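Given next, in structure tokens, is a single chain: the form deposited in one PDB entry.
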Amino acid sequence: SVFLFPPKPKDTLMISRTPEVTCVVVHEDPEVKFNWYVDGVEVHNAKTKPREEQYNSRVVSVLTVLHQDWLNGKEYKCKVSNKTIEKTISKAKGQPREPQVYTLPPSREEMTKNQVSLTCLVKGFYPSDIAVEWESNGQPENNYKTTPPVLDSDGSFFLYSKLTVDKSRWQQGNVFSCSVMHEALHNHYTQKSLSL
């Protein structure tokens, strides 16, 4: 069993982070080998994290990739070997489309609660690789949860991010902002603010 994983969306969009692809493999002294190919041609800058013994009786190899390589759609072939299995992944193919970002205040009806919901609708983006964060006065907020991307009826994706705050923090007029990073956006990043 060989499983290939893509880099984190955030890591491919900021030139300062390190986007990896993670080839996971998953007890009679099994040796394993690893060959990495980028659009067919092989590369020798992988790294094999040390063996992991599981409760059921999990070797991993990690290859750093270039930001513009992943985003241009190059195929990443991970080839195992044990005395032969392959996997390939790439970015989803297609014209990237720019997320529209809309912040939605809490319902009047929710205002009878002690905490309230601040909503960030992110729609019309493609491919589904995206990252969403919340902050206020520069410091990130922690109490938020973001739905997975959902396929919309036009072949673009959407998601919602919900930020839970004390109603008083909302009543006091604090500024909350939803951050979105996506490849189709200008400088890969956009912000939208929400206040009372």
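From 1 onward, residues are counted along the sequence shown.
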**Asked** Residues with no coordinates between residue 26 and residue 27 in the deposited sequence, how many: none, 1 to 3, 4 to 9, or 10 or more?
**Response** 1 to 3
**Item:** Missing from the model but present in the deposited sequence, between residue 83 and residue 84
**Value:** 4 to 9
**Asked** Between 117-125 and 87-95, which has the higher average C-alpha B-factor in the PDB entry?
**Response** 87-95
**Request:** Could you check which stretch, 181-189 or 16-24, carries the larger mean CA temperature factor in the entry?
**Result:** 16-24
**Item:** Residue with highest C-alpha B-factor in the PDB entry, from 51, 67, 162, 169
**Value:** 51
**Message:** Where does the C-alpha B-factor of residue 30 rank in its chain, lowest, middle or highest third?
**Reply:** highest
**Cα B factor band for residue 61 (lowest, middle or highest third within the chain)** = highest
**Asked** Thinking about Cα B factors across the chain, which third does residue 101 belong to?
**Response** lowest
**Prompt:** Taking the entry's C-alpha B-factors for this chain, is residue 137 in the lowest, middle or highest third?
**Reply:** middle
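Omitted here: the form solved in complex with a partner chain. The next part is about that form.
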**Message:** Using a 4.5 angstroms cut-off on non-hydrogen atoms, would residue 81 count as touching the partner chain in the deposited bound form?
**Reply:** no
**Message:** Can you work out whether residue 89 and the partner chain are in contact in the deposited bound form, taking contact to mean some heavy atom pair no more than 4.5 Å apart?
**Reply:** no
**Asked** Using 4.5 Å between non-hydrogen atoms, is residue 185 touching the partner chain in the deposited bound form?
**Response** yes
**Prompt:** Applying a 4.5 Å heavy atom distance criterion, does residue 35 contact the partner chain in the deposited bound form?
**Reply:** no
